[PDB]
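Letters A, B, ... mirror the listed sequences (proteins, then strands); counts begin at 1.
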Protein chains: 4
Amino acid sequence: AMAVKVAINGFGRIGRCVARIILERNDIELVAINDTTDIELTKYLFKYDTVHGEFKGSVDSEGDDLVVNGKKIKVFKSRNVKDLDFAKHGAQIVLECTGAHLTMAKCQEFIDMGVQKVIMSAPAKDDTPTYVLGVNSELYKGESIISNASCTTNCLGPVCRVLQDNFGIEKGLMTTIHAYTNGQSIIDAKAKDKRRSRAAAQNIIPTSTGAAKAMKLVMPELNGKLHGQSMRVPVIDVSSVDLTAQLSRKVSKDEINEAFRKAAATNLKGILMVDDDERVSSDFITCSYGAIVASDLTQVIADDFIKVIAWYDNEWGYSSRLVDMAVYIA
Amino acid sequence: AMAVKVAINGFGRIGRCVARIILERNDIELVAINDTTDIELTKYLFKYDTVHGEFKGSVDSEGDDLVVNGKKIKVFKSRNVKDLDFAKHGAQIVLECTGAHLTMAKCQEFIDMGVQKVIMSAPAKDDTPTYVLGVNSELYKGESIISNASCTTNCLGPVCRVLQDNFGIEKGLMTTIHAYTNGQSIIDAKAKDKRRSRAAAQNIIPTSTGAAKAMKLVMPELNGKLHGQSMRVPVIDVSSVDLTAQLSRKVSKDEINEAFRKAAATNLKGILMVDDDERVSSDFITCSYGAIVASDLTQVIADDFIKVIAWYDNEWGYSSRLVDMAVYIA
Amino acid sequence: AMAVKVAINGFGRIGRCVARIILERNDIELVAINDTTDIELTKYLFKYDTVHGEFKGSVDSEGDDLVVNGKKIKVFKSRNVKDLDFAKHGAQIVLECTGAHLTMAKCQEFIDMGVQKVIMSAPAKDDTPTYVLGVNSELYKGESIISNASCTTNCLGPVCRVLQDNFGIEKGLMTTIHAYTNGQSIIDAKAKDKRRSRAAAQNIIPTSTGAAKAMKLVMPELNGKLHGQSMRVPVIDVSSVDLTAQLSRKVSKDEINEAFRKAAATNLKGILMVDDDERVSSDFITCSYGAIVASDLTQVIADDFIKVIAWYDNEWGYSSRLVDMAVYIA
Amino acid sequence: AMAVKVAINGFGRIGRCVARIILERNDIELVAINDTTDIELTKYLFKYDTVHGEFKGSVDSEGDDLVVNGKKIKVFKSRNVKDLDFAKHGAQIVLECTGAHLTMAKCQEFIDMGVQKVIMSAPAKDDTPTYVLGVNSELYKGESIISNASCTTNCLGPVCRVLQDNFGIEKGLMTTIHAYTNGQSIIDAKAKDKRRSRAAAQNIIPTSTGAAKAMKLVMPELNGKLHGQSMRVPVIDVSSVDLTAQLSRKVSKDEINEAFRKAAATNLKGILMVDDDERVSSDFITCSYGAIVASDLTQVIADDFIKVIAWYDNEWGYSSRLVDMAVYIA
Ligand SMILES: NC(=O)c1ccc[n+]([C@@H]2O[C@H](COP(=O)([O-])OP(=O)(O)OC[C@H]3O[C@@H](n4cnc5c(N)ncnc54)[C@H](OP(=O)(O)O)[C@@H]3O)[C@@H](O)[C@H]2O)c1
Ligand SMILES: NC(=O)c1ccc[n+]([C@@H]2O[C@H](COP(=O)([O-])OP(=O)(O)OC[C@H]3O[C@@H](n4cnc5c(N)ncnc54)[C@H](OP(=O)(O)O)[C@@H]3O)[C@@H](O)[C@H]2O)c1
Ligand SMILES: NC(=O)c1ccc[n+]([C@@H]2O[C@H](COP(=O)([O-])OP(=O)(O)OC[C@H]3O[C@@H](n4cnc5c(N)ncnc54)[C@H](OP(=O)(O)O)[C@@H]3O)[C@@H](O)[C@H]2O)c1
Ligand SMILES: NC(=O)c1ccc[n+]([C@@H]2O[C@H](COP(=O)([O-])OP(=O)(O)OC[C@H]3O[C@@H](n4cnc5c(N)ncnc54)[C@H](OP(=O)(O)O)[C@@H]3O)[C@@H](O)[C@H]2O)c1
Ligand code: NA
Ligand code: NA
Ligand code: NA
Ligand code: NA
Ligand code: NA
Ligand code: NA
Ligand code: NA
Ligand code: NA
């Protein structure tokens, strides 16, 4: 296969993580980006990163192109999909990382201008088909617009895949302890709701997520069986899924941990891993696994009532899945 | 009743919170403290607090006495209970806030020197009787040495009391998102185990707690039915209990929230309250309630599988219970 | 005097601090506010504050009015000064706390609609007269539009007043270690320049300030003699001025500290104080002094080369000066 | 030259940074360490680092040896220099990183047991000769016990070298904005003085440093001409020197920046660099330069009164100098 050619719409945390990941691999090539910023600021943000460290390599411009380690990348700056002829620079797949385009209606214009496939970097706001690697990726039907779901779906999903396949999930509730993100306020200031208005680096902030209820999209046998919620805490990156569930049969802790290690070695290779070293959140910064189960934190009480704790780099793991998904569907 | 006279052994976060709470009430009087610090540093730490703000009032010394708003308080500085004649300064109850004395054997010397009652500010390391206000305080038998359990027991306990009395708990697992505390490291440095060695203000740190399994001490019907664990996050104070449980019957969200509001108004007055305002952690700094249930975060799936989220000021709520317990047993 | 009636345009950190300060005093009355938020969010942000704690008292609405402890306050929600008939609700002075209106041209519409006086909550972007209490407030000429300068001017200004009056300033450079503020990013994301794009709670961020060069506006004898700069650090509130200067004559540390204590007791009463207790930043949260000189940090080398360190609550001290200035010019 | 063989006494932040730096170079070899920890915790802390990331490579034990990428390193665990036969494992130089041994008297026992040279990882508490690379390293006389001074000396020193050589320093005062370190408290708790007792991740904390006054040890022409102080802020690593000085003649900003760039390219190659990219603190995590002058922050007022801002990774820059110094004196 020729390396699939892709464009990135939206050069934020996910956009720039995706770009770095594409530049480390030989089976995918970045030809264009779009962000509503001047080129001096694009270069600076790409080169220097508080979380993932300095990009090793030259980051130059000339004058509508990023030049990264000598390779030219076209840079657009328009809010309007009309002005983004990504296909004209060779793009086969657009990675949609703006947060602005989460319906087929708003992504169809890319296809109409000659892009073959669009992948949303977030849950769809309509009935756009949703795919998650290792969970329902085997069912892909060649659709030209898909959702890759959320960072949380790409941790919780693989965990559920293993539990459902080995044991059976009767019901479950999930909390995520989640790193703060953009569109949380630095100081108490107006936002879309009360709790999101409060200072993110000095509070525990309850925040809603549809990630659990929406598992029906990628595992329909879990329709009506899972819900959950989030607690935003003062870390800049890395999060955990805390899944509490009732399984269809009696299990032990060891049996659960062994099922995860067996998937880590086979069907979820590269996607789920198991931590036997007692790491903390910062150890998973720039980790490409979507789920890291902390084996020592696995609990079972009264035969069938379990807790599983899985880390995810909400930036780097999800970005790693977006890039895997572009390579998979090409 | 004459105001019960008490001494505080250990003038740390709990010791100093307890002292401030005693100085705001007329039914308890502080006569002595002990801490292995010089008197200049005792005054400074008591007067200024990063979390709970400046003490309003005069904080002076003369020269073995704190003088707080004109009232003289004896200050000892010895690690050894032998040198602490608290009873000689009128103390009826010792609040044991050192972390050093969590067995009847190590507290008996206080009784032997004329103290009437000792209350441990932590779970006992032996079979010392444990009491929690609103949970099993009605069963107190006049024992002269007791444990008031942990900050977590004084949030989770009252929550369980309500769930058990209205609905029946079949089984449950708990996560606490907990503020960092003393004897967590500022930077990666050796501690009693791996995870406790890691920088507390820049990581999510899984940490063990016996608080759930130990609920059998205060609610024996929950023997073998609860376990749980902790995630230390970068907040200086205030924590949450996240309880996931299977109840003995079908319930709704509204029914659970109404049971909490009914206890808040009756048997758990002053102990449990319900938040209907969508507060965040910093809103509960210096809150005297041991449990604040966030009503909007209450979840039920598949009839009987529930999640309840309750805040607690791990410093001020527990300290408020220690002071209530001293007044109650006097 | 009747209590001067004021309106607040812009209900952010400064707007809400100003409002709380007005509600604690009997010589000024708040009749109206404006902020582009729904009334539910206005109430929540006013009631709960991560930094300054819960407002003690009832915060209700009915339905275009905040009702605070029973007193009705009109709430507008328009970006356009055209729609803000503050004078119709009795306002004599508008406190301009939006950041949007820092020229006489943009504030004249308030006067044209019957407001007597406007005070900008920031340095003017034109030649609008600037006044700072204790510095050049004695020179006020009855102007109907003024600037109260910046939080930094209201710390550095009073410090310079004392140094200039006792000793003579030949030249000086200033660094401020400054709390993060709104319009700093939570995560690395595009902003008006490179450094402002970087995560505020995980970096030391050099940031420009005109506060030193602009001292000529309030002390013309310092024209061309001072410049300085800022380092934003991860604290939510409270900052320091670090002034390094060459004085016109030889001085000692004691002589400098005594000059500050003498101004604290006389001409800068309520404005500058001296800390002899070795406090840290969080001790000055909700402090109404514009400058708190840390006496133990005062340095002199080689006769005439000095350093002075002064704290300021960048929110509460400046807000306290805005309210003092409204009362002073009424 | 054979690669000089060294041992590390004290495996904390400096000890472990030094070890990682030694394992990346071919001109120095690590044969032994000492730390009062069990071997499981030594491995974990070496392998995982909140600040500098995961060690790339195998970290094993057998059973009194770290095995790092296949190479055996002896591990002692004794507080007493008596039990540390580093020379028996081939060590020529001991890097003294405990903080416990800062006099010739306390380091002489190493020489007496066959070590050729000891380097203190901190300023000496006696008249032990002090050397700093690029500053007075050319004057080394073969002394077998030296101090490498402090992290701050290894930033401020090189900056002064350039200013003194090009312009002449008449006098100067310095502030450092410094990352928190071990032996600062996580929560308000007793420490050696008042300010060090206060919570390090939620305050700006004034802290004393002898680094400026002590410049006379490495540049005697600066005897009595410099003093300074520190402000600890909530960052886990990386600090800045803010030097304010009066030079012997008139200079411009450009002239100062050009003098630094010229030293960066010649006599201070590898030691001082100049930032022309507007980086923030986290960009210098794991930076080996002892001084990074931020060229855009250089200020001059009234001919001869200057400010210079220089970053340093207080861990990695100093550690890089310790390793350079061991190679230089071998
Ligand atoms: N943990 C995570 O961060 C994470 C993980 C997985 C999924 N996601 C999802 O990924 C998406 C991006 O999140 P993020 O964290 O990368 O946010 P971000 O850092 O704010 O990135 C979004 C970027 O898109 C730009 N943008 C917005 N609308 C645009 C438009 N119409 N045309 C062009 N550029 C536009 C933004 O500029 P402006 O700021 O000026 O609007 C910004 O640079 C969202 O859908 C988010 O939910 C986030
Ligand atoms: N969230 C909370 O903080 C919280 C809540 C509920 C329960 N607790 C429990 O309350 C107790 C105290 O916790 P804390 O957070 O207040 O800790 P802390 O701030 O470290 O306070 C403990 C204090 O006791 C002193 N001390 C220790 N051993 C002593 C002895 N033998 N004699 C005299 N003084 C002694 C310590 O001095 P040294 O530092 O020199 O040893 C320190 O000042 C522990 O049992 C803890 O588990 C904590
Ligand atoms: N340390 C400090 O915070 C400090 C100290 C002294 C001086 N100041 C100055 O005080 C002013 C406010 O600062 P702040 O920290 O309070 O910022 P803030 O919290 O962002 O407050 C500004 C508020 O004004 C609103 N607003 C903006 N433009 C408006 C308009 N045209 N009409 C109505 N409302 C409008 C904003 O809504 P939107 O967010 O939607 O625009 C926001 O609620 C600035 O001039 C600032 O430089 C700040
Ligand atoms: N920014 C920086 O961190 C920095 C920069 C330059 C210079 N330094 C200097 O470098 C030295 C170490 O600082 P650090 O930050 O690495 O501190 P650290 O992380 O606390 O490391 C010190 C280590 O030495 C151990 N230790 C102490 N006394 C010992 C003894 N007698 N024998 C054996 N091991 C002993 C400690 O164990 P215990 O904790 O049990 O005592 C700890 O592991 C100090 O002199 C410091 O001032 C620090
Ligand atoms: Na590539
Ligand atoms: Na927020
Ligand atoms: Na009392
Ligand atoms: Na820790
Ligand atoms: Na009033
Ligand atoms: Na910023
Ligand atoms: Na080596
Ligand atoms: Na400290």
From [X] [atom1] over to [Y] [atom2], what is the distance, rounded to the nearest 0.5 angstrom?
X: C:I301; Y: D:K225; atom1: CD1; atom2: NZ; result: 9.5 Å
X: C:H178; Y: D:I204; atom1: NE2; atom2: CD1; result: 9.5 Å
X: D:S282; Y: C:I205; atom1: OG; atom2: CD1; result: 8.0 Å
X: C:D242; Y: D:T175; atom1: CG; atom2: OG1; result: 3.5 Å
X: D:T244; Y: C:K307; atom1: OG1; atom2: NZ; result: 5.0 Å
X: C:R232; Y: D:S281; atom1: CZ; atom2: OG; result: 14.0 Å

Engaged part of [X] at the chain D interface, taking heavy atoms whose separation is under 4.5 Å:
X: C:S208; value: neither
X: C:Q202; value: backbone
X: C:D277; value: backbone
X: C:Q246; value: both
X: C:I236; value: neither
X: C:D304; value: side chain

Residues, nucleotides or ligands: over 12 heavy atoms within 6.0 Å of [X] [atom1]:
X: D:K216; atom1: NZ; value: no
X: C:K213; atom1: NZ; value: no
X: D:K253; atom1: NZ; value: yes

Check your understanding: Counting distance only, does the side-chain N/O of D:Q299 pair as donor-acceptor with the main-chain N or O of C:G228 below 3.5 Å?
Key ->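 Here the side-chain-to-backbone pair exists.
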
Review point. Under 3.5 Å, is there a donor-acceptor pair between the side chain of C:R195 and the main chain of D:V280?
Key: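 Between the backbone of D:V280 and the side chain of C:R195 there is no qualifying donor-acceptor contact (under 3.5 Å).
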
Contact summary for [X] and [Y], nearest pair of heavy atoms:
X: D:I306; Y: C:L173; value: C-CD1, 3.5 Å
X: D:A302; Y: C:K171; value: O-NZ, 3.5 Å
X: D:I309; Y: C:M231; value: CG2-CE, 3.9 Å

Point to revise | Which portion of D:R279 sits near chain C, non-hydrogen atoms under 4.5 angstrom | key: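 D:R279 touches chain C through backbone heavy atoms alone.
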
Review point. For D:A199, is it the side chain, the backbone, both or neither that has a heavy atom under 4.5 Å from a heavy atom of chain C?
Key: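 The answer is neither part of D:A199.
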
Exercise for review: For chain D, find which of C:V238, C:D296, C:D193 contributes the most heavy-atom pairs closer than 4.5 angstrom.
Suggested key: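 So the answer, after comparing C:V238, C:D296, C:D193, is C:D296.
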
Check your understanding: Does D:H227 reach the side chain of C:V300, with side-chain heavy atoms less than 4.5 Å apart?
Key ->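 Answer no - side chains too far apart.
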
**Study point:** Check: C:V235 and D:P234 side chains under 4.5 Å, non-hydrogen atoms
**Key:**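 Sidechains of C:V235 and D:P234: in contact.
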
Check your understanding: Should C:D283 and D:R198 count as an ion pair when the cut-off is N to O under 4.0 Å?
Key ->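 Between D:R198 and C:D283 there is a salt bridge, with a charged N closer than 4.0 Å to a carboxylate O.
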
